[PDB]
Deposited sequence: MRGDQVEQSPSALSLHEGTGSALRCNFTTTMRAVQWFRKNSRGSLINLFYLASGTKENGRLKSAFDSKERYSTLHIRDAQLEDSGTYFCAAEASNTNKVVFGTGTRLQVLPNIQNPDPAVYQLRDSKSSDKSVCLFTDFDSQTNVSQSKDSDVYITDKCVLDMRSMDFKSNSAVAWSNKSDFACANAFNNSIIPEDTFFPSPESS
């Protein structure tokens, strides 16, 4: 039903490169490459032979050799998402989709400034913001159902060419304070705890 695609998952630091591959078990007429970021499936390349190149991406297709590749160079945050190849088999004229590659691109934090901040409701409620840590830190979920902790998320302030990681944590339990919100995580020793 599916086409073998490699790798299954990939993490690249910004500015680096890698190659995604699909391996076919029959003769293919043409290949398409897509990328999905809950976003839509965006067409990257369609080709029946040789190669094609567009910006930082390049695709190649060898029907005879039974493979297609997609190269990413100078990886950017916006390259993140799930990539699929899709190929039309010559003997059926039907399209079969690759198993998919989940690509994560890690921003390169020039000057990490790990900190946990308390933020208050615009309208006695607050959340805690863990931010500005390097891609090396991992945020763990809480093991009590009463505290909520999101996975890390990278934002890019284009105007200032600045990128940063953060995760958010919140709770109702009166025992909850930002000082210990992320105790479940291994956070930098020099993490800033205001107040």
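Several segments of the deposited sequence are absent from the coordinates, namely 1-3, 41, 128-129, 202-205.
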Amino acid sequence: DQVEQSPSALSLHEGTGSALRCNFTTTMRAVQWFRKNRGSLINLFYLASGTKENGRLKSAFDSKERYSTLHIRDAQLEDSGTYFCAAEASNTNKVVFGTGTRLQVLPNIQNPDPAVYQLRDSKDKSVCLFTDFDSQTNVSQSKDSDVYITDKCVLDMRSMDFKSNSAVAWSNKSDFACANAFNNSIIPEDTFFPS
From here on, numbers count along this sequence of modelled residues.
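The PDB entry reports B-factors from which the mean C-alpha value can be compared for 10-18 and 169-177; the larger average falls on 169-177.
Judged by mean Cα B factor in the deposited record, 134-142 ranks above the other of 66-74 and 134-142. The PDB entry gives the largest Cα B-factor of the residues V31, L129, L44, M160 to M160. In the deposited coordinates, the residue among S80, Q118, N108, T101 with the greatest CA B-factor is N108. Residue-level temperature factors show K52 in the middle third of its chain, judged at the C-alpha atom. Remark: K58 belongs to the middle third of its chain, ranked by C-alpha B-factor as recorded. Ranked by Cα temperature factor within the chain, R35 sits in the middle third according to the deposited record.
Ranked against the other modelled residues of its chain, the C-alpha B-factor of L155 as given in the entry falls in the middle third.
Among all modelled residues in this chain, the alpha-carbon of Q5 has a temperature factor (C-alpha) in the lowest third.
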